[PDB]
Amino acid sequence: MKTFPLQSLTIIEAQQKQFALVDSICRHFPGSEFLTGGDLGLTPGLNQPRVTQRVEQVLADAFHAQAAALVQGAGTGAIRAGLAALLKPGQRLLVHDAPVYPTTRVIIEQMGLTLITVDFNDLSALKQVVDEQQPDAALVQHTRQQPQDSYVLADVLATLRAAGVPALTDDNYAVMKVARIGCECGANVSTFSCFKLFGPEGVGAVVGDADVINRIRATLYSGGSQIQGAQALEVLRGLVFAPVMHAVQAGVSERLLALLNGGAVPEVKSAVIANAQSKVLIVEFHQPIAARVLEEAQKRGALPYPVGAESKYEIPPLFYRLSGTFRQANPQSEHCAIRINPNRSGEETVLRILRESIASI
């Protein structure tokens, strides 16, 4: 099948992103202050830890934005906070003609928003619908929601900005893996889970325009609302490791794809790289052995279900079922095909686990 995956960073490009983030750290933390472990609580004038503020400044700087806020609830929390700062309950939100991310749909339902739908793959239709229906804001997913999605993030954002429609991007599984996240190419705010970036459980980030971020910070009254200094430092730690380790993974996925396409595993009928929704391999077998292969692969070290995904815990490759939306659209595929996210493994390991599992069914 045909896909249009996001463009991965090379190892050289990834190093440059790593270095640029560390440069921002240096410019916001005197060295002795970086070794302070992270402060706690509702410090006067900030209503958050001093170190958390600093980390937020670093995040804003690193992603070419005015401001940032760390929030509870990871990626879902970030999207909720961002949407709540862009529109009111009962207002109109523009979304792409494809399945809305499940917890995002929950947020939409809990806010009583009216959805306006258009195919983002058709910029002409996008522009017409925006002019006619006058949405109060737009949400754009960075990763691919369905195989046929081929739109360029920056171009969709540019269209929205020209029409004066505030835009939020859901950048999960794209951050530190592509050249520009939403707030770097036209969005009013980007959002992402830090848990999916080798960071701490429960922590999400909203990064973008100060007026939006300030509205978010104003709602974070309570002690529990805050991200503690140590958690904030862990976000930076994870983010510094993210680009290079993912560039290594992107290389593994490309080499694995080439080997499979070259016939390394005769029992494989087809293989493709796809954003599903993170960039992974989709491997289809000639015979309906997918479930058996998944069972055998787990015994040989493959992760059988995700955590983050792409969290600090997820080191061995993930061999997993197909996504819900894809299975709905293609009811027979689940018997024949699987997703593989190599995580920190190499292609020879994935190939070996694949071959040994097939031999053992």
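The first residue of the shown sequence is 1; numbering continues from there.
Student: Can you tell me whether 119-127 has a higher mean C-alpha B factor than 269-277 in this record, or the other way round?
Tutor: It is 119-127.
Student: What stretch has the higher average Cα B-factor here, 147-155 or 173-181?
Tutor: On average, C-alpha B-factors are higher across 147-155.
Student: Per the coordinate record, which of the options 236, 242, 94, 83 holds the highest CA temperature factor?
Tutor: Among 236, 242, 94, 83, the PDB entry lists the largest C-alpha B-factor for 94.
Student: Between 166, 224, 75, 200, which one tops the list for Cα B-factor in this entry?
Tutor: By C-alpha B-factor in the record, 166 ranks first.
Student: Taking the chain's C-alpha temperature factors as the reference, tell me which third residue 220 falls into: lowest, middle or highest.
Tutor: Lowest third, going by the recorded CA B-factors of the chain.
Student: Test of reading the entry: by CA B factor among the chain's modelled residues, which third contains residue 327?
Tutor: Within its chain, residue 327 is a highest-third residue by C-alpha B-factor, going by the deposited values.
Student: Could you place residue 250 in the lowest, middle or highest third of its chain by Cα temperature factor, using the values in the record?
Tutor: Answer is middle: the recorded C-alpha B-factor places it there.
Student: Grab the CA temperature factor for residue 106 from the record and place it in the lowest, middle or highest third of its chain.
Tutor: Within its chain, residue 106 is a middle-third residue by C-alpha B-factor, going by the deposited values.
Student: Which third of the chain does residue 12 land in by C-alpha B-factor: lowest, middle or highest?
Tutor: Tercile = highest for this residue's CA B-factor.
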